[PDB]
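What follows is one chain in structure tokens, specifically the form deposited in one PDB entry.
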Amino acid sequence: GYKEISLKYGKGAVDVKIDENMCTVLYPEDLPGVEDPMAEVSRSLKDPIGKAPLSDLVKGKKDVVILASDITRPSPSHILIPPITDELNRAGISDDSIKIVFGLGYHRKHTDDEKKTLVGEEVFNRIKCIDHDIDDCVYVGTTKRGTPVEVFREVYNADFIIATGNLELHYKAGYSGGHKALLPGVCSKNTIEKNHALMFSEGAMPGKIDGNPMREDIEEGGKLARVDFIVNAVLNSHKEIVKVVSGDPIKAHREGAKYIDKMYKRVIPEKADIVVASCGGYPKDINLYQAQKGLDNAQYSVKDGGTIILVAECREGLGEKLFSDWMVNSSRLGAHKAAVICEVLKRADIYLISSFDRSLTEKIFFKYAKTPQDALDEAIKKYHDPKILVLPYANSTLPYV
């Protein structure tokens, strides 16, 4: 039989026809956000994972620090933090025994309005909210891989440290959240630099924790810094909270990672021959830089010598300046993501179905085709009873071997 698959392209949809017994179509389970997010937080806190509830951990603490993400990495801190302070208050901790510290890493300080954006005005008024000061860190150890862990003094000073943030697939750390709120967020330039170098390894990839060297280094540095407790928001593709996990910085994170996996990880027997990947329509395919995200997910599942068919309009062009310059071999996140594309092209072919014309499409080293069918029908010929994987929401769907 012949299967007929709508693939979103730009602000509409194309179609492809594939022999069903030759292809698998992997879909995400993109769950909708909970109706009462702040109540899901409190539910989470009452049912913590791998560790006692806060009610039993904090009695007598006088210097509690809550880590939150900065304006750059939008997290629902304003949803997570108020229920946390409610438990801290309930357990006898005054608001003057509580501080919020923003994990800037390299980024600039926040204005006051940005701070109120992050935690809510009510929290900002009753609790001190401090930016990471990257020049005021204190050394607490060195990891097995040689990262010196140097932590902002205000976090160093604390007798209790709660880490909050998002928990999603991450292209290098495997997943965000857990100890990542601390390393690199509230660490010195030496710490960020040395940990950042681990992202260039073959084990730093989405959906991988054990044997991911960046994530293992993060969790090791966070242990040297004695993170006591996490509260993490598991986010859907619309960045809405679908679940909160609280408790042990490892066990609560692992349970959050399985909720993410149920939504977006899709385990395949083996790497397939042809991967047909849509970005899921505009604006996920608004430019090639953004479309690289579906392509990154898709290239863990293409065989050496395989063919990717990337269905992405790229209405507004190649995207971020560094990524584009690298891709056009002009005469640092963007540059890496472009080299990621180049490495895949050494292993496989990539067809680009886009608004680009043939000259430009082949300048940047993709195959050209006017439709997804034309690209498939062409490369289906170059393979022998091929396995064909179809990702209609490649930007959020991670095939995994």
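Quick note: we count residues from 1 along the sequence shown, nothing fancier. Take the two forms, superpose them, and find the largest set of C-alpha atoms that agree within 1.5 Å; that set is the rigid core. Only residues modelled in both forms are compared.
Gap check for residue 331 to residue 332: 10 or more deposited residues are absent from the model. Taking the mean C-alpha B-factor of each stretch as recorded, 162 to 170 and 262 to 270 are not equal, and the higher mean is that of 262 to 270. Between 221 to 229 and 294 to 302, it is 294 to 302 that carries the larger average Cα temperature factor according to the deposited entry. When the C-alpha B-factors of 58, 66, 49, 31 are ranked from the entry, the top spot goes to 31. The top Cα temperature factor in the record, among 276, 129, 138, 235, falls on 276. Sorting the modelled residues of the chain by their CA temperature factor places residue 383 in the highest third. Among the modelled residues of the chain, residue 73 sits in the highest third by CA temperature factor in this PDB entry. When all modelled residues of the chain are sorted by CA temperature factor, residue 87 is found within the lowest third.
For residue 316, the recorded CA B-factor ranks within the middle third of the chain. Only modelled residues enter the ranking.
Residue 201: CA B factor lies in the highest third for its chain, per the PDB record.
Same protein, other form: the form deposited in another entry, not shown, and the subject of what follows.
Put simply, after the core is superposed between the shown form and the other one, 74 is the one residue in 141, 74, 92, 283 with a Cα shift of at least 2 angstroms. In this overlay on the rigid core, residue 29 has a C-alpha that sits less than 2 Å away from its partner position between the shown form and the other one.
A movement of the C-alpha atom of residue 57 falling short of 2 angstroms is seen between the shown form and the other one when the two forms are aligned on their rigid core.
A displacement of 2 angstroms or greater separates the C-alpha positions of residue 345 between the shown form and the other one, with the rigid core held in common. Relative to this form, residue 219 and residue 71 approach one another in that other deposited form, with their C-alpha atoms ending up at least 3 Å closer. Annotation: residue 206/residue 345 CA-CA distance shorter in that other deposited form than in the displayed model, change of at least 3 Å. Comparing the conformations between the shown form and the other one, with the rigid core held fixed, yields the displaced runs 70 to 74, 338 to 346, each spanning 3+ consecutive residues whose C-alpha shift is 2 Å or more.
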